[PDB]
Amino acid sequence: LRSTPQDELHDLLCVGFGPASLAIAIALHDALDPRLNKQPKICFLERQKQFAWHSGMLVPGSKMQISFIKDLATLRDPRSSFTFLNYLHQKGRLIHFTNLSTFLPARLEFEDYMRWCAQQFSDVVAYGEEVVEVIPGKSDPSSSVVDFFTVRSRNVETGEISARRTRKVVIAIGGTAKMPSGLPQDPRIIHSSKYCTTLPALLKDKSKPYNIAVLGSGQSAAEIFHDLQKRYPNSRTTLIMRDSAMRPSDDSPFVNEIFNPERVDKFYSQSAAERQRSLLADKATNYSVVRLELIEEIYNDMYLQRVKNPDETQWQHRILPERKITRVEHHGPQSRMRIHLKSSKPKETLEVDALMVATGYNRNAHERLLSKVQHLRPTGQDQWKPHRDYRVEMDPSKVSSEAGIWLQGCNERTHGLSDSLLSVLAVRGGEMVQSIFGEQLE
Amino acid sequence: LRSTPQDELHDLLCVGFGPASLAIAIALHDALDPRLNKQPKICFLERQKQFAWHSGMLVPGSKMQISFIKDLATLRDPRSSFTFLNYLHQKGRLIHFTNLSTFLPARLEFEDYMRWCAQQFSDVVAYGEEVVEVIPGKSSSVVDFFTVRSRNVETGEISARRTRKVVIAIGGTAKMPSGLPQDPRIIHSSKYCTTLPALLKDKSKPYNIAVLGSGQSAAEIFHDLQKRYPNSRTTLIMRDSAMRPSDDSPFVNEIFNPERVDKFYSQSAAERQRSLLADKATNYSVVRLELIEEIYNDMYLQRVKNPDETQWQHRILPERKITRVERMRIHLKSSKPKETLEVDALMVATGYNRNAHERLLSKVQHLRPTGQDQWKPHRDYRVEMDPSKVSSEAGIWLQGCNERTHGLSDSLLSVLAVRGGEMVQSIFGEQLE
Amino acid sequence: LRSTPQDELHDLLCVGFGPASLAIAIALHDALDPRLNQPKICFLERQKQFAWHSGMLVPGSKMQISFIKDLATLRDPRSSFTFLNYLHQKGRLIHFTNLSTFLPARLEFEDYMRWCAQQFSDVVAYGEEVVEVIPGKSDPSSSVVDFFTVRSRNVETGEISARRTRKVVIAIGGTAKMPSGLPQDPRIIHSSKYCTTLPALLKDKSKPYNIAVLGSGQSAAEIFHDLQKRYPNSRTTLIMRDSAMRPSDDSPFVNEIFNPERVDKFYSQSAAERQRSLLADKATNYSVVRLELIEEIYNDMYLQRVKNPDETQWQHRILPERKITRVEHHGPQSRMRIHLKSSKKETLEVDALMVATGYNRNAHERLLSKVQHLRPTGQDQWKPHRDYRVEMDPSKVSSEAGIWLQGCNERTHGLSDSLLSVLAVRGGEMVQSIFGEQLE
Amino acid sequence: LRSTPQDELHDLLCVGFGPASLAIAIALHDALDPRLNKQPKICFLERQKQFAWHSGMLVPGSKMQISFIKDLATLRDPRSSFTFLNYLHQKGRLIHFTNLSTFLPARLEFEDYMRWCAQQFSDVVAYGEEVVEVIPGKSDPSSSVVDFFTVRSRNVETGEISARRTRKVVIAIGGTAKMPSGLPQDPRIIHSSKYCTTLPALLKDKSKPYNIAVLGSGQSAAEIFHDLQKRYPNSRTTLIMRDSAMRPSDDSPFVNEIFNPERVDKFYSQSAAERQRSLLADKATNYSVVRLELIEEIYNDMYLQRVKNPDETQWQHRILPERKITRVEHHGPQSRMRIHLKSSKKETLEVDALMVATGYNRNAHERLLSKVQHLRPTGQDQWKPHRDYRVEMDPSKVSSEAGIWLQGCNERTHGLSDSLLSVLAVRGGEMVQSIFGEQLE
Ligand SMILES: Cc1cc2c(cc1C)N(C[C@H](O)[C@H](O)[C@H](O)COP(=O)(O)OP(=O)(O)OC[C@H]1O[C@@H](n3cnc4c(N)ncnc43)[C@H](O)[C@@H]1O)c1[nH]c(=O)[nH]c(=O)c1N2
Ligand SMILES: Cc1cc2c(cc1C)N(C[C@H](O)[C@H](O)[C@H](O)COP(=O)(O)OP(=O)(O)OC[C@H]1O[C@@H](n3cnc4c(N)ncnc43)[C@H](O)[C@@H]1O)c1[nH]c(=O)[nH]c(=O)c1N2
Ligand SMILES: Cc1cc2c(cc1C)N(C[C@H](O)[C@H](O)[C@H](O)COP(=O)(O)OP(=O)(O)OC[C@H]1O[C@@H](n3cnc4c(N)ncnc43)[C@H](O)[C@@H]1O)c1[nH]c(=O)[nH]c(=O)c1N2
Ligand SMILES: Cc1cc2c(cc1C)N(C[C@H](O)[C@H](O)[C@H](O)COP(=O)(O)OP(=O)(O)OC[C@H]1O[C@@H](n3cnc4c(N)ncnc43)[C@H](O)[C@@H]1O)c1[nH]c(=O)[nH]c(=O)c1N2
Ligand SMILES: NCCC[C@H](N)C(=O)O
Ligand SMILES: NCCC[C@H](N)C(=O)O
Ligand SMILES: NCCC[C@H](N)C(=O)O
């Protein structure tokens with residue numbers, strides 16, 4: 001994809017360059033390849049200084065939780081140059097991965113696969129750009145009708161505010177860390193999204209006997225609890241969960257069909273109540289769950305401590321189920337905080353050097369980013385309403401049919417449990433290219 | 001165990017000789033064995049003509065869903081002669097089972113294990129006897145024994161036995177949808193292997209057979225039908241969108257540990273009810289993952305041959321409910337808050353109710369304390385009796401129907417070895433000291 | 001690929017259209033595709049349509065090789081002839097993803113190869129059984145051989161036809177191997193003819209036939225296991241010389257001998273090291289069974305032990321360390337009498353004996369008999385170079401003419417030679433060696 | 001079992017208190033329990049200061065490679081108190097092990113079970129006792145036939161020599177470390193049997209970037225190669241194997257029937273040629289093989305290194321196949337040795353240690369029995385045990401009330417299960433009937 005001058009009127013601007021935007025960029029490339037099919041002025045803005053995929057949780061040994069066939073191209077076109085298999089071949093690694101007999105690459109490897117993808121679009125991506133607002137624009141003096149948008153971004157290095165004009169906008173900014181409201185702010189209280197990048201700076205000495213607590217019972221909580229035991233081999237770690245136990249993620253094959261690309265149509269057209277009941281019944285596919293293999297390795301590690309000492313209170317690493325944090329003392333010059341625990345049903349204290357908080361994410365950042373254009377929604381809406389093709393509803397007497405804003409990655413409530421994942425990314429990128437660029441390339 | 005003359009006043013009579021009563025019999029044997037602990041008058045009444053474990057569902061290839069370590073003795077005393085490993089050694093099969101490298105024996109094999117246990121108690125078990133009522137007795141207004149009346153299934157004659165203590169261990173009764181009519185071609189899962197072959201005699205005919213439900217039994221029946229009638233057209237009808245996997249992940253699975261019954265029983269009703277609901281995936285409306293996948297590959301091969309799933313020989317109809325049954329004509333609607341199948345048979349795999357003891361005890365429920373509409377079992381499974389109406393040497397115990405008070409392990413094999421031990425100490429404890 | 005008129009001088013004629021030749025046609029197609037980067041080519045195939053070992057497409061049989069080792073992906077994952085691309089064209093890619101397996105059903109993997117093969121219909125002549133490769137000399141003044149005449153028998157009409165080509169590839173797989181001393185009888189059927197021939201012999205699926213199976217490898221286990229479902233009342237007997245079925249090896253360090261990049265290193269080794277290396281890796285391919293199938297068969301036997309502790313009474317039995325000493329097959333009797341002795345006093349009466357004893361890969365020697373005098377003086381076997389071209393006497397054969405062997409070269413090229421393992425990459429090298437300079 | 005006074009004439013003296021002898025003592029207990037069936041003078045001598053099972057190879061995370069049902073009692077009688085399942089019950093862990101859902105306990109745990117068994121026989125076991133010779137004895141001067149043996153043991157603490165008299169002797173001494181001949185003696189060259197016990201004493205600082213080499217391709221080499229990478233996370237380890245690859249151990253179910261106890265009869269009665277051919281064809285069940293799960297993990301580790309750098313030669317931890325050591329230079333002050341390698345059809349490594357995982361020889365019984373070697377029948381140069389493991393003696397030189405039995409060193413005559421735990425439970429039973437059968441009847 002060729003770059004467009006920054007001051008020119010773009011056909012599309014995407015906010016964020018994570019996998020969701022990357023799959024749009026790939027799909028456009030493939031849609032423009034005569035070899036694969038029957039140029040738009042595009043750019044991408046990403047706040048990070050270079051492409052990176054959840055680097056705070058690139059835990060040593062952590063694995064993907066989705067078949068590599070669900071990559072950024074293969075489900076739309078296995079012939080694409082951006083398949084995961086073509087990447088291995090380009091690296092001289094395909095025969096070697098074949099002998100792994102796994103559908104589950106290491107997270108480190110799949111991120112390098114996406115880095116290999118992203119770097120081929122570097123001419124159309126501006127890194128170190130934090131988008132802060134979308135502002136309406138009207139190109140014609142005669143009309144009060146909005147027919148473009150001005151996107152404003154702050155450069156993370158200079159702080160300078162730059163402005164770009166585009167006819168259409170995509171918001172693909174993933175999630176922001178979700179914290180329990182009652183925890184106080186403190187350098188020693190670190191969300192899972194920043195585990196690998198900040199906790200080593202906080203606890204520099206790998207051999208010191210730190211007390212480190214982990215809050216949560218889902219995949220990130222189990223991976224952090226397990227990694228800590230290897231990363232700090234002399235530590236005393238504690239897993240604090242509201243649930244009675246870690247529970248297994250569900251990717252049994254019939255259940256897993258809710259993630260098929262062709263289900264988005266059927267999910268979207270069902271009623272709101274039916275959608276919420278469906279999301280709840282399938283909660284075990286994605287939320288507050290741990291891969292069984294990790295459950296079993298952690299259970300075996302607990303069992304070995306039981307062999308060595310039958311008294312669980314003396315174990316080096318413990319799990320405290322059905323617990324909730326009632327108070328955290330974080331004042332004073334001392335190394336450690338005092339966490340107060342009660343049962344999580346409708347006394348005990350831990351002194352810890354750090355509390356890792358694995359409570360997931362919110363996906364509501366588009367509301368702050370779009371506030372200066374929310375007066376363009378149809379009358380009476382307090383939320384953005386994406387259509388099946390992901391374009392939000394605008395008042396048609398206020399917005400031209402040539403302008404629009406699309407949302408990506410935050411539509412689980414309307415489009416299904418695959419919306420925030422990689423599951424439908426290859427196909428969605430294709431649908432998006434037809435939606436945003438169809439008539440232009442036709 | 002030696003027999004007691006039928007006309008004598010027993011120390012204990014157990015109603016039903018399924019695994020729960022068998023473990024009680026085994027625990028008593030071990031309690032009386034000097035090798036294991038350095039005789040009470042007992043007897044068992046069983047409706048079936050001989051020992052059998054869910055004979056309607058011994059489908060070919062069906063496996064146990066619980067480790068063989070959870071047999072009728074091992075968790076209580078690994079040295080017992082009634083362990084599953086001791087049974088295999090007695091059969092000359094222990095080295096061969098070792099090499100299977102499985103904790104989950106065939107259900108056919110596990111039934112044989114318990115049959116082998118049961119035959120060692122043949123002298124105290126009366127088979128072909130349907131208990132029909134438990135009546136109070138007064139040896140005064142204080143009740144100090146119970147008269148248990150049973151109908152012989154062969155003669156129909158009503159026999160009567162007197163006992164100081166009674167155990168009700170009668171498992172469950174088939175739970176049916178209220179809207180199904182009575183017809184020989186509508187069969188609960190409990191009678192699948194024993195009744196459907198007599199109905200569908202010719203294995204090669206193109207029968208249409210429907211299977212109702214989405215749990216382990218529905219999947220086993222659905223899958224077995226395709227092998228048993230290879231030209232049939234089968235349909236699995238589920239209210240749910242998919243079969244879901246059973247959970248025995250190791251931390252979740254500790255709720256079935258024997259020492260958790262103490263903590264579970266002492267929790268409040270609300271905590272017990274919420275605990276049961278969150279752990280529902282361990283036992284209800286769930287299928288062993290291996291079977292889900294096996295069935296999925298079978299669907300996949302049909303997809304290879306025909307991309308149109310509506311033309312497939314064997315189908316799954318998710319999110320459906322039966323609205324009427326009129327070959328029978330099944331009418332289906334969506335199960336969310338006009339389809340028809342014509343079927344030669346309807347298999348109904350909807351589980352069980354365990355409330356059959358209430359009718360069996362109806363004539364003694366006036367001995368409960370004032371204001372009770374249900375039997376209230378204590379931790380040791382003894383039901384509360386009015387202390388001014390029933391002597392303390394008399395009482396009634398419930399087994400297998402106490403999930404609400406004692407946890408999800410109550411109707412399963414999980415805690416039987418240990419529970420038998422508690423039951424023998426509960427019921428015969430002071431007698432043996 | 002466009003067809004070449006039959007009477008014209010071809011650049012390449014391949015004998016056989018199985019997977020080995022199929023990887024060649026796909027490779028040449030891709031070499032000519034501008035997205036990824038015409039010779040006069042034709043393929044002759046004895047079968048009337050494309051088919052891959054149809055006698056052993058037993059129900060539930062699975063591949064023993066990763067779908068990644070299909071006919072294109074290791075050479076170019078972008079090719080249109082990949083297995084993942086096949087699934088996508090059939091609208092089945094998402095459903096296969098949820099299978100979570102690298103091992104498709106053999107029935108499915110054959111449909112993928114048929115789907116590929118159908119795109120070359122214009123350059124494949126089916127129903128043509130090649131019978132000889134004859135020398136040709138274009139110049140009456142020269143004694144030099146510079147083209148070859150391939151004669152093929154029409155399987156329907158019996159008519160013989162001749163096609164001329166400068167270069168020949170022999171890609172004809174293997175021939176059924178039978179133990180000498182078994183006699184010929186319609187009730188004695190090699191594994192290669194199981195699905196196509198046994199139903200014609202034993203028509204009644206419910207009759208209590210006695211059926212014996214000879215061998216201890218993958219096909220023997222699959223036939224033994226399939227018979228029990230196909231004839232549910234039968235008595236089956238698996239007769240093995242070995243003491244037990246042994247598991248096939250695709251553990252990851254060992255499995256690298258099948259890497260495409262091992263063909264160079266293996267080939268450059270001496271005969272002794274090559275003969276020794278093949279021997280040490282026998283468990284990857286010969287007289288071995290998929291562990292999962294071993295475990296299933298074992299579970300079936302254990303259940304019979306639950307039902308009856310006397311092994312002699314079992315419906316289905318395995319007889320280890322046995323050899324067949326004699327077969328009585330004349331007489332009006334439906335059944336044969338197989339006489340057994342230990343292989344270090346048994347008779348079986350059987351309605352059929354299935355023989356799962358593998359293949360020989362020497363059939364090209366008869367097909368090349370009329371050109372073997374072009375070999376260098378003193379050779380008794382065709383000597384394939386690294387690029388699979390056989391050594392010819394350079395004073396007898398022009399440098400523009402040659403013959404290549406495919407699939408029969410394990411002795412020089414390693415255990416992957418007769419499998420699907422290196423076909424994608426080998427198809428590509430073959431196109432470079434045969435057509436490289438032409439496409440310059 | 002009740003102890004017998006040291007100076008008295010014993011019925012049985014066992015050299016060694018490892019698993020083979022432990023199953024015999026357990027079997028004798030169970031034979032004497034009226035609870036299990038319808039006391040002989042016994043004592044056990046063990047060189048180690050207390051019971052231990054290959055503690056040099058109790059690698060963290062190491063698993064058993066045999067189902068727990070093949071413990072020290074269960075195949076002979078599941079009702080014994082010495083079963084693995086009963087041990088868990090005594091330790092209050094049975095339900096917790098059940099939820100593990102594995103037939104393969106940790107090596108750490110299974111050793112603890114045998115320690116739990118062994119401690120119940122502490123009264124008949126003399127630890128720290130190295131038996132050095134067995135000496136013929138004649139109770140009647142005028143008769144020329146031997147009817148007892150004197151077993152002499154050296155105390156590892158004091159050096160004091162102790163002699164004990166017995167009518168029957170069992171030799172159950174496991175193996176001695178087998179080293180390749182061309183390797184020299186050096187403290188930085190340590191056999192695998194001494195890994196956990198010696199290597200940390202050599203390489204004290206776990207964080208320095210040591211070069212450590214491992215020689216071999218079987219289970220022990222892979223276990224040590226994998227463990228070094230976690231134990232010394234900054235080290236560079238090298239696995240050197242003569243074979244081209246690590247190969248999976250075979251315990252598939254039909255092949256695995258060779259370890260069934262009832263097969264010992266059929267195997268023993270085969271001719272030497274058939275037995276030698278049988279051992280070779282089933283070699284992948286026990287020799288130069290690694291548990292598949294470990295192979296796959298080591299392979300995943302190599303693959304991740306390939307992800308980080310495609311050039312193998314720059315990798316931290318490497319595997320060098322089809323290699324042989326042609327020379328080791330180890331003289332001088334330089335901390336590292338120089339290993340010289342050639343293909344096994346000029347490469348050199350500087351190493352701080354060479355771990356040698358080359359298995360064992362089981363011929364130590366010949367030196368120990370040298371002073372009784374003249375009692376064998378004429379023309380034998382090796383001890384030949386009968387099916388019941390009793391060695392052949394000249395019947396004119398030794399009374400029938402006396403004899404010597406071998407345990408664990410009889411693979412050649414009794415099958416691949418002989419050196420393992422596979423038949424210990426049943427064999428212990430046969431041994432008590434052979435040695436004490438008439439005595440208890
Ligand atoms: C540790 C961990 C592990 C997994 C997963 C999450 C996490 C945290 N996921 C789910 C995950 O959401 C998914 O893998 C993708 O990251 C979805 O990509 P998105 O593009 O929607 O956003 P994502 O968070 O990937 O990327 C969003 C981008 O937007 C940028 N951005 C934010 N604000 C901006 C602004 N104001 N201006 C410009 N740019 C901005 C961010 O920097 C980021 O680069 C997953 N899914 C799956 O299918 N399989 C799996 O195995 C996993 N595993
Ligand atoms: C098909 C199937 C498969 C499984 C299971 C159930 C079913 C239906 N279960 C759970 C099952 O309930 C449990 O294994 C035991 O059978 C419970 O034993 P009870 O004897 O308490 O009931 P159960 O039904 O076993 O026994 C009750 C007995 O009383 C008799 N009876 C009833 N009424 C009577 C009367 N009025 N008079 C005299 N006798 C009477 C009955 O005939 C029966 O023999 C299971 N659990 C587990 O832990 N692991 C597993 O894998 C499975 N698998
Ligand atoms: C039951 C079974 C199962 C498997 C396998 C074989 C068998 C029999 N194979 C091994 C097999 O060799 C391989 O898969 C490929 O078929 C190799 O194909 P070839 O083209 O080399 O010849 P192959 O035998 O496939 O086909 C050669 C073709 O040549 C044609 N032909 C022969 N002689 C002729 C003549 N005289 N005139 C004209 N045409 C002629 C034949 O008709 C045939 O179609 C396998 N491999 C693998 O990599 N993974 C696996 O899981 C398996 N599984
Ligand atoms: C690291 C490792 C791991 C395993 C195994 C071996 C090794 C090295 N084995 C095989 C192993 O040989 C077997 O488990 C038992 O050790 C066999 O016991 P032995 O009694 O033959 O003695 P073993 O070799 O156990 O012990 C012999 C004893 O004799 C003593 N002794 C020696 N000489 C003496 C003397 N001169 N005087 C006094 N005492 C003396 C020694 O001190 C020692 O205690 C195994 N098997 C299996 O079935 N499953 C498995 O998973 C494994 N795993
Ligand atoms: N959390 C990851 C879920 C991935 C999903 N099961 C899929 O197969 O697409
Ligand atoms: N017969 C199967 C050979 C496949 C080979 N192990 C491979 O991985 O290429
Ligand atoms: N090397 C350990 C051998 C274990 C053996 N396969 C058995 O089943 O006894």
# chains A, B, ... in the order shown; residues from 1 in each chain; ligands from 1

$ residues_near_ligand --ligand "ligand 4" --cutoff "6 Å" --atoms "only C-alpha atoms and all ligand atoms" --output "MDAnalysis selection string"
chainID D and resid 15:21 45:48 53:54 57 64:66 129:132 172:175 408 419:422

$ write_last_selection --atoms "N, CA and C atoms" --output "tab-separated table (two decimals), in the first residue's frame"
chain	number	residue	atom	x	y	z
D	15	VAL	N	21.88	-59.26	50.17
D	15	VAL	CA	22.84	-58.21	49.94
D	15	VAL	C	22.11	-57.12	49.18
D	16	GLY	N	21.97	-55.95	49.81
D	16	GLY	CA	21.26	-54.83	49.20
D	16	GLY	C	19.85	-54.65	49.73
D	17	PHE	N	19.45	-53.42	50.02
D	17	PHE	CA	18.04	-53.19	50.33
D	17	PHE	C	17.49	-52.14	49.38
D	18	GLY	N	17.52	-52.45	48.08
D	18	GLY	CA	16.84	-51.68	47.07
D	18	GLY	C	15.49	-52.30	46.79
D	19	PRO	N	14.82	-51.85	45.72
D	19	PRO	CA	13.46	-52.34	45.46
D	19	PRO	C	13.37	-53.86	45.37
D	20	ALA	N	14.36	-54.53	44.78
D	20	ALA	CA	14.28	-55.98	44.61
D	20	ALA	C	14.21	-56.68	45.96
D	21	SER	N	15.08	-56.30	46.89
D	21	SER	CA	15.01	-56.90	48.21
D	21	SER	C	13.77	-56.43	48.97
D	45	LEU	N	21.39	-56.40	54.16
D	45	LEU	CA	22.57	-55.55	54.26
D	45	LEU	C	22.58	-54.53	53.13
D	46	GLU	N	22.70	-53.24	53.49
D	46	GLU	CA	22.62	-52.14	52.52
D	46	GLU	C	23.77	-51.17	52.71
D	47	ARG	N	24.44	-50.84	51.61
D	47	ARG	CA	25.63	-50.00	51.66
D	47	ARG	C	25.31	-48.55	52.02
D	48	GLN	N	24.19	-48.03	51.53
D	48	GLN	CA	23.79	-46.65	51.81
D	48	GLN	C	23.37	-46.50	53.28
D	53	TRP	N	16.52	-44.42	46.55
D	53	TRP	CA	16.31	-44.98	45.22
D	53	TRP	C	16.84	-44.03	44.16
D	54	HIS	N	18.08	-44.29	43.72
D	54	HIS	CA	18.72	-43.54	42.65
D	54	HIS	C	18.57	-42.04	42.87
D	57	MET	N	19.49	-39.25	40.60
D	57	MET	CA	18.68	-38.93	39.43
D	57	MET	C	17.24	-38.57	39.77
D	64	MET	N	7.67	-41.32	37.03
D	64	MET	CA	7.84	-42.75	36.88
D	64	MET	C	7.51	-43.14	35.45
D	65	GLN	N	8.13	-44.22	34.98
D	65	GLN	CA	7.90	-44.71	33.63
D	65	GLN	C	7.22	-46.07	33.65
D	66	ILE	N	6.44	-46.32	34.68
D	66	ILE	CA	5.70	-47.56	34.84
D	66	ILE	C	4.46	-47.22	35.66
D	129	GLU	N	26.45	-50.81	55.28
D	129	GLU	CA	27.17	-52.09	55.29
D	129	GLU	C	27.45	-52.53	53.86
D	130	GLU	N	28.73	-52.52	53.49
D	130	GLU	CA	29.16	-52.91	52.15
D	130	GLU	C	29.60	-54.37	52.17
D	131	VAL	N	28.78	-55.26	51.62
D	131	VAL	CA	29.19	-56.66	51.52
D	131	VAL	C	30.32	-56.76	50.50
D	132	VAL	N	31.39	-57.45	50.89
D	132	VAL	CA	32.57	-57.54	50.03
D	132	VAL	C	32.90	-58.96	49.62
D	172	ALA	N	21.17	-58.82	45.42
D	172	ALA	CA	20.25	-57.86	44.78
D	172	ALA	C	20.88	-56.46	44.86
D	173	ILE	N	21.90	-56.23	44.04
D	173	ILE	CA	22.74	-55.05	44.17
D	173	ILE	C	22.61	-54.10	42.98
D	174	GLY	N	21.57	-54.24	42.17
D	174	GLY	CA	21.34	-53.27	41.09
D	174	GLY	C	22.46	-53.24	40.06
D	175	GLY	N	22.91	-52.03	39.71
D	175	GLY	CA	23.92	-51.87	38.68
D	175	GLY	C	25.09	-51.03	39.14
D	408	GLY	N	17.70	-59.22	39.79
D	408	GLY	CA	17.88	-57.99	39.07
D	408	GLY	C	18.97	-58.01	38.02
D	419	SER	N	15.39	-56.15	35.48
D	419	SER	CA	16.07	-55.05	36.17
D	419	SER	C	15.15	-53.91	36.60
D	420	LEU	N	13.86	-53.99	36.31
D	420	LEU	CA	12.90	-52.92	36.54
D	420	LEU	C	12.00	-53.21	37.75
D	421	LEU	N	10.98	-52.38	37.97
D	421	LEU	CA	9.98	-52.67	39.01
D	421	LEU	C	8.87	-53.59	38.52
D	422	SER	N	8.90	-53.97	37.23
D	422	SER	CA	7.75	-54.53	36.52
D	422	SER	C	7.16	-55.78	37.17

$ residues_around --residues "residue 287 (chain A)" --least-positions-apart "3" --cutoff "10 Å" --atoms "only C-alpha atoms" --output "CSV table (one decimal) with N, CA, C and O atoms, in the first residue's frame"
chain,number,residue,atom,x,y,z
A,217,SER,N,-9.0,-15.2,38.3
A,217,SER,CA,-9.1,-16.7,38.1
A,217,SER,C,-9.2,-17.1,36.7
A,217,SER,O,-9.6,-18.2,36.4
A,218,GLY,N,-8.9,-16.2,35.7
A,218,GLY,CA,-8.9,-16.4,34.3
A,218,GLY,C,-7.5,-16.7,33.7
A,218,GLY,O,-6.5,-16.9,34.5
A,219,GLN,N,-7.5,-16.8,32.4
A,219,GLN,CA,-6.2,-17.2,31.7
A,219,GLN,C,-5.0,-16.4,32.2
A,219,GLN,O,-3.9,-16.9,32.5
A,249,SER,N,-11.5,-23.5,30.0
A,249,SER,CA,-12.1,-22.9,28.8
A,249,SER,C,-12.6,-24.0,27.9
A,249,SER,O,-12.2,-25.1,27.9
A,280,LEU,N,-24.2,-15.2,27.6
A,280,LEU,CA,-24.1,-15.8,29.0
A,280,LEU,C,-23.9,-17.3,28.9
A,280,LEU,O,-23.0,-17.8,29.5
A,282,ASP,N,-22.6,-19.0,26.7
A,282,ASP,CA,-21.3,-19.4,26.1
A,282,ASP,C,-20.2,-18.7,26.9
A,282,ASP,O,-19.1,-18.7,26.3
A,283,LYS,N,-20.4,-18.2,28.1
A,283,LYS,CA,-19.4,-17.5,28.8
A,283,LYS,C,-18.1,-18.3,29.0
A,283,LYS,O,-17.0,-17.7,28.9
A,284,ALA,N,-18.2,-19.6,29.1
A,284,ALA,CA,-17.0,-20.5,29.3
A,284,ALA,C,-16.1,-20.5,28.1
A,284,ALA,O,-15.0,-21.1,28.3
A,290,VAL,N,-9.5,-20.8,32.2
A,290,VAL,CA,-8.1,-21.2,32.1
A,290,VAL,C,-8.0,-22.4,31.2
A,290,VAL,O,-8.8,-23.4,31.4
A,359,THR,N,-7.9,-8.7,35.8
A,359,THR,CA,-9.3,-8.6,35.8
A,359,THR,C,-9.9,-8.2,34.4
A,359,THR,O,-11.1,-7.8,34.3
A,360,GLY,N,-9.1,-8.3,33.4
A,360,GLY,CA,-9.7,-8.1,32.1
A,360,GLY,C,-9.7,-6.6,31.7
A,360,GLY,O,-9.0,-5.8,32.1
A,417,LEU,N,-19.3,-13.3,20.3
A,417,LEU,CA,-18.1,-13.5,21.1
A,417,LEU,C,-16.8,-13.5,20.3
A,417,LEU,O,-15.8,-13.5,20.9

$ residues_near_ligand --ligand "ligand 3" --cutoff "8 Å" --atoms "only C-alpha atoms and all ligand atoms" --output "PyMOL selection string"
chain C and resi 15-22+44-47+50-53+55-57+62-65+69+106+127-131+152+171-174+191-192+218-219+358+363+367+406-408+416-421

$ interface_residues --of "chain D" --to "chain B" --cutoff "7 Å" --atoms "only C-alpha atoms" --output "list in words"
residues 35, 69, 78, 79, 80, 81, 85, 86, 95, 98, 99, 100, 253 and 260 of chain D

$ residues_near_ligand --ligand "ligand 1" --cutoff "6 Å" --atoms "only C-alpha atoms and all ligand atoms" --output "ChimeraX atom specification"
/A:15-21,45-48,54,57,64-66,129-132,172-175,409,420-423

$ residues_near_ligand --ligand "ligand 2" --cutoff "7 Å" --atoms "only C-alpha atoms and all ligand atoms" --output "PyMOL selection string"
chain B and resi 15-21+45-48+51-54+57+63-66+129-132+169-172+190+217+399-400+411-414

$ select_by_dssp --residues "region 69-154 of chain B" --states "strand (DSSP E or B)" --output "PyMOL selection string"
chain B and resi 106+125-126+129-137+143+145-152
